[PDB]
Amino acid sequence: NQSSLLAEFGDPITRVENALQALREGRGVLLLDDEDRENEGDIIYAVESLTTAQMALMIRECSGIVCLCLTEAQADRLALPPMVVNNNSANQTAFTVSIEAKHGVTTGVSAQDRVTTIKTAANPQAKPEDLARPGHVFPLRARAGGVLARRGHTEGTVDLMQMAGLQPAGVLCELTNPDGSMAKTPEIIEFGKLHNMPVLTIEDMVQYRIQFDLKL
């Protein structure tokens, strides 16, 4: 079973603390959602320490639809409307219009360019004119309340950043197997060991956030 597989990484509280510490150190983590939701694991990085090398890893090992988790306030500051008025996708992932930095990029799609775009968008001083639309970076609006309101990787990302004491902006993308199938827990665990990334679940985060009276 899943929790038995993850025991390696420690019990739920340890799995959360280790993830937060990795983020504080500028490393990435792997977040699994509920087995009866997507049963998918996303690579998560903090934006403020994001490197080209981390983005290149995300592009070659994940779906390549690298998303930028933003707060509602930041998405509003950037004047980023939802991509679709009536989102009728299964999970209602809160995709905004896609974005590209106006300055400092070429075609927008290289690892370096995506990082430039992401840092431009996450800048607390950012203005809407800093971003062209559409582009190769896919911002998302996190629900107020984080994983205590919606148990998606989007909310996982913002909560991890806030709980680690970091700026509330992160990047995420679904870990994909070489044959195009999506990674499941055994592959995610092995990837985490290979790349020295902690693994944790949304459930771990919800338990942690509820037990430590953590309002963010």
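For clarity, a rigid core is taken as the largest C-alpha set superposing within 1.5 Å between two forms. Heads up: residue numbers just count along the shown sequence, starting at 1.
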Stretch departing more from the displayed form, 31-39 or 164-172, Cα RMS in 6 other deposited structures of this protein (core fit)
31-39
Are coordinates for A90 absent in a third or more of the other compared PDB entries?
yes
Of 88-96 and 105-113, the stretch whose C-alpha atoms average the higher B-factor in the entry:
88-96
Would 193-201 or 9-17 have the larger average of its C-alpha temperature factors, as given in the entry?
9-17
Of the choices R141, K119, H136, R77, which one's C-alpha carries the largest B-factor in the record?
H136
Considering every modelled residue of the chain and its Cα B-factor in the PDB entry, is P178 in the lowest, middle or highest third?
middle
Please place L166 in the lowest, middle or highest third of its chain according to the CA B-factor in the PDB entry.
middle
If you rank the chain by CA B-factor, which third does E35 end up in: lowest, middle or highest?
highest
Split into thirds by Cα B-factor across the chain's modelled residues, where does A73 land: lowest, middle or highest?
middle
Cα B factor band for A126 (lowest, middle or highest third within the chain)
highest
